[PDB]
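Shown next, in structure tokens, is the structure this report addresses.
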Amino acid sequence: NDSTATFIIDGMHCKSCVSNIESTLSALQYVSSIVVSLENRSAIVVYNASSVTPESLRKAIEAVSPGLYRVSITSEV
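Just so we're aligned: 68 in PDB author numbering is position 68 of the sequence shown, and the numbers increase by one with no gaps anywhere.
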């Protein structure tokens with residue numbers, strides 16, 4: 001019954017920015033888990049809340065390379 005969301009970044013330093021994002025996100029006092037799309041520029045992040053609120057994780061990705069990171073919530077819609 002955990003939460004989950006997906007985020008994609010334009011402007012990241014590729015496969016090393018990718019792993020800063022694993023570390024920066026998997027430290028959050030509300031997150032349960034995470035996997036980053038190693039090939040690509042995105043992350044699938046697993047948190048916990050009934051009030052589905054993906055904006056906090058988007059902000060945590062932006063906070064790994066702020067001013068550079070174009071973080072976008074790529075959900076199925």
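Note that beta-carbon positions come from the ideal geometry of N, C-alpha and C, so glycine has one too.
With which residues is residue i paired in a DSSP beta bridge?
i   : result
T24 : None; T24 has no bridge partner.
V71 : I9
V46 : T4 and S33
Considering only C-alpha positions, which residue in the set the options is nearest to residue i?
i   : options               : result
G67 : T74, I73 and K59      : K59
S3  : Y30, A63, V71 and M12 : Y30
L38 : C14, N1 and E76       : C14
Short check: CB of residue i to CB of residue j, under 8 Å?
i   : j   : result
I9  : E22 : no
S32 : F7  : no
Straight-line CA distance for residue i to residue j?
i   : j   : result
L57 : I73 : 10 Å
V52 : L25 : 17 Å
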